[PDB]
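When we count neighbours, we look across all protein chains shown, and the Cβ atoms used for this are built from the backbone with ideal geometry, even at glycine. Only the coordinates and a few stated rules stand behind these numbers; no lab work does.
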Amino acid sequence: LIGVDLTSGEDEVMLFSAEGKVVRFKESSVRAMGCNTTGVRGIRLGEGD
DNA sequence: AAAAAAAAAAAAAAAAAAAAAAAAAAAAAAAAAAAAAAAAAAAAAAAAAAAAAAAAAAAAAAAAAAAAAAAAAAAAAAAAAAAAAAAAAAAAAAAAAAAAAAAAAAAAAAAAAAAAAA
């Protein structure tokens with residue numbers, strides 16, 4: 001499913017919150033400007049559940 | 001031959017419908033822009049991979065915000081009565097293929113008629 005969707009601008013740092021006690025931060029500018037009906041880019045090597 | 005029902009006479013009661021003409025709106029059906037979606041090419045950011053590293057969980061231990069106990073008091077929510085909204089179950093139906101009865105064309109042949117020959 002889709003975890004959550006927020007509307008953001010360039011150079012705004014985004015954080016994740018795993019349900020197995022994890023939190024990460026990657027500048028949003030690192031990742032390429034995606035398009036519709038495409039695949040996805042990995043973010044977090046979240047092992048297990 | 002008995003019963004029953006239609007129809008027609010004439011003064012009464014009471015209804016219904018088709019078109020023309022112009023100008024505006026409202027349904028309802030089409031081409032045609034316009035953008036999702038999908039197939040098939042090259043192309044390029046991410047995982048891999050490896051070495052190298054140093055930032056946050058352990059551990060000692062005080063102490064300061066805490067969650068249970070006690071009490072008083074306010075009053076949200078739950079279950080029982082009624083009263084509405086909204087959806088499957090079941091039954092019905094109007095066109096619609098199937099069948100049966102009557103109108104128009106057909107010629108074979110003859111009765112009666114009209115006409116003319118010698």
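Structure values in brief
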{"quantity": "Any hit, the stretch A:16-37, residues being within 12 Å of DNA strand B (Cβ to nearest atom), polar (S, T, N, Q), assigned to a loop (DSSP other than H, G, I, E, B) and surrounded by fewer than 10 Cβ atoms within 10 Å (Cβ to Cβ)", "calculated": "yes"}
{"quantity": "Subset of the stretch A:1-15 [under 11 Å from the mean Cα position of the chain (by Cα), surrounded by 10 or more Cβ atoms within 10 Å (Cβ to Cβ) and part of a loop (DSSP other than H, G, I, E, B)]", "calculated": "A:13"}
{"quantity": "First in the stretch A:28-48 and more than 19 Å from residue A:11 (Cα to Cα), second anywhere and part of a loop (DSSP other than H, G, I, E, B) and within 11 Å of DNA strand B (Cβ to nearest atom), Cβ under 9 Å, 6 or more apart", "calculated": "A:40/A:34"}
{"quantity": "Number of the exception - residue A:7 against (1) without any contact (Cβ under 8 Å) to a residue 12 or more places away in the chain; (2) within 11 Å of DNA strand B (Cβ to nearest atom)", "calculated": "(2)"}
